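Starting off, we have a lone chain in the form deposited in one PDB entry, written out as structure tokens.
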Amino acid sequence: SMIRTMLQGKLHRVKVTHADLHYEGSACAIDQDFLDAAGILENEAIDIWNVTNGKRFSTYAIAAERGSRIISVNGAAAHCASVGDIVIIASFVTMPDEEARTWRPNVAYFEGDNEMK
């Protein structure tokens, strides 16, 4: 009956590839392959921690083309990240305490040209 909020998964230190300098559009668009590795769903709430500038903000994920390696921060969120910035993108899920106690988040690590693992 008591329900925990747990890290579901994250993209650890991916690089922002696009940020609408016009603040058009919405959401953070993410290569479907990266969503798959982190267990993140289209339209799922996400938290973004910008390691480069310290900004922390929340939005939702949408899928970019598989293999594009895109991390695109659009809309209002382009006020909080720029091309080249290193970010951690996380989703959180809820579950009962017993499940939470053995829960393992899905983590994808990145380097270079948004190369996963």
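Rigid core: the largest C-alpha set superposing within 1.5 Å between the two forms. Only residues modelled in both forms are compared. Position 1 is the first residue in the sequence shown; the rest follow in order.
From this point on, the text means the form deposited in another entry, which you will not see here.
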{"item": "Of the candidates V83, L41, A76, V51, the only Cα that travels 2 Å or more between this form and the one not shown, given a rigid-core fit", "value": "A76"}
{"item": "Threshold 2 Å Cα movement between this form and the one not shown at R101, rigid core reference", "value": "no"}
{"item": "Core fit, then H12 C-alpha moves 2 Å or more between this form and the one not shown", "value": "no"}
{"item": "Shift in CA distance, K55 and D20, in the other entry relative to the form shown here, given it is 3 Å or more", "value": "farther"}
{"item": "In the other entry, whether the C-alpha atoms of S26 and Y60 sit closer or farther than here (change of 3 Å or more)", "value": "closer"}
{"item": "After core alignment, residue runs (3 or more) whose Cα moves 2 Å or more between this form and the one not shown", "value": "18 to 26, 74 to 77"}
